[PDB]
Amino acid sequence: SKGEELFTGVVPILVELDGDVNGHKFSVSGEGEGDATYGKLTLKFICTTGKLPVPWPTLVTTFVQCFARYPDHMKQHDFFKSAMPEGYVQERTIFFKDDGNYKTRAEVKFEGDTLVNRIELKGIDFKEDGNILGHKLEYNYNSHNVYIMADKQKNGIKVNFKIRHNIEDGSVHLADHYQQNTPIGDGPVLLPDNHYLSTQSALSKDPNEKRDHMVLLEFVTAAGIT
């Protein structure tokens, strides 16, 4: 395919997010590289406006699923790559249990040889001393399955999952993730049979980064049809 060929090797990634959570405004800039042959993402983000007003883990899902490794027998179900280089719009609502919600719109496209994910985030109705603005979340992440089905109505895909954020008191906070992806261009795209992506994440800190930051490593692989 045309889009698939853009991902045969490692491609650099730029991510830019403008966010407003409960009126608290911030901006985050991140860089890294993706390698869809391994299904691997490596990224580092800094908050350029000072201290991030929400926990870094809550934004992991928001910060380029075109880098998933799709097994050889499944390449015709990879909506993400098939919508490239035109790219896709990724709109999503993340509902935090007994707390506020995020609404996100991202455009993920190629600019030159670099894959860019440009995000807009609006967050509302958050408890000011909740687990989010209260920074009560442990700095870690678990493995999850992302459920994907086609959406012919939009020539796109509908995708859902539930994130499990570990709380510092031993409890867990569920963030119900609903996201929709639609191509911008007019070239044909594959709408896949139902399947899923197994995702694993590891967060860390660069000891030499004086700025509020996060280092994210992800492994993502498609499965679920045989």
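Don't overthink the numbering: it's just position in the shown sequence, from 1.
What size is the break between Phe63 and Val64 in terms of deposited sequence residues left without coordinates: none, 1 to 3, 4 to 9, or 10 or more?
Missing in between: 1 to 3 residues.
Of 182-190 and 158-166, which one has the bigger average CA B-factor?
According to the PDB entry, the answer is 182-190.
Quick check on the record: does 215-223 or 3-11 carry the larger mean Cα temperature factor?
Higher mean C-alpha B-factor: 3-11.
Return the residue from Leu174, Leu59, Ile46, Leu41 that has the highest Cα B-factor in the entry.
So the option with the highest C-alpha B-factor is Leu174.
Maximum C-alpha temperature factor, selected from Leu121, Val89, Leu115, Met84:
Spelled out: the listed residue with the top C-alpha B-factor is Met84.
Check where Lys205 lands among this chain's C-alpha B-factors and tell me if it's the lowest, middle or highest third.
It falls in the bottom third of the chain.
Split into thirds by Cα B-factor across the chain's modelled residues, where does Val146 land: lowest, middle or highest?
Answer is lowest: the recorded C-alpha B-factor places it there.
Going by what the PDB entry lists, where does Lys109 fall on CA B-factor within its chain: lowest, middle or highest third?
For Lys109, whose C-alpha B-factor we compare with every modelled residue in the chain, the answer is the middle third.
Divide the modelled residues of the chain into thirds by Cα B-factor and specify which third, lowest, middle or highest, holds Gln76.
Ranked within chain, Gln76 CA B lands in the highest tercile.
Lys97 - Cα temperature factor, lowest/middle/highest third of chain:
Its C-alpha B-factor belongs to the lowest third of this chain's values.
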